[PDB]
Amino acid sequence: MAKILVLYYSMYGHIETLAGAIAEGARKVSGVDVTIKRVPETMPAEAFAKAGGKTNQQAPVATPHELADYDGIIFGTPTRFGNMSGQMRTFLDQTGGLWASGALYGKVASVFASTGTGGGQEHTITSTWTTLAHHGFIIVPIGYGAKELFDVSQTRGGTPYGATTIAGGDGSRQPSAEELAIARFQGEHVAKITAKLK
């Protein structure tokens, strides 16, 4: 039995939708238990409301210290100027206690992301990899295992580093079927590796 956490932040729902597909893929691996949780909001109340932040997410809020309860963690975040979101950064800064005891060492990790225009989607993933490496995570990219990555006929997210979605500058674009298939592939892929190492 392997336990996977799908841990995400989502302000406008795009990452939340992708996380559902990530989790669906992971659950295809027999013997893998998948939990979806989100990191707490950090914006002050007035700014958050002014920005139209959503409060309908059913996923429970995770605590920093519980990450070591899992065998693999798939991290999801919207970009903030080519980095992970401040919400995810602040959450991961609180894992110093886990880092000092080696509590996450040798566990499996993978990353998915979203952007408004595609700009920064690659760097959001690989700069999250940096933090994973300091913890000693085994890092799983997806390469071109997802056949959708070869199709450039239409605006479509997804990179060899991990699944992505493109929300549009105004957030009007919802994740496409191809993007969700890439995320489902990533989830199952990370789950086969996590189960095999357990």
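From 1 onward, residues are counted along the sequence shown.
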Averaging the C-alpha temperature factors as deposited, the higher value of 67-75 versus 93-101 falls on 93-101
Greater mean Cα temperature factor according to the PDB record, 170-178 or 7-15: 170-178
Largest Cα B-factor, entry values, listed residues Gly157, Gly53, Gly136, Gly143: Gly53
From the entry's CA B-factor values, the highest among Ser110, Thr117, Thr128, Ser85 is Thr117
Would the CA B-factor of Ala47 place it in the lowest, middle or highest third of its chain? highest
Hey, what third does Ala163 fall into on Cα B-factor, ranked over its chain? lowest
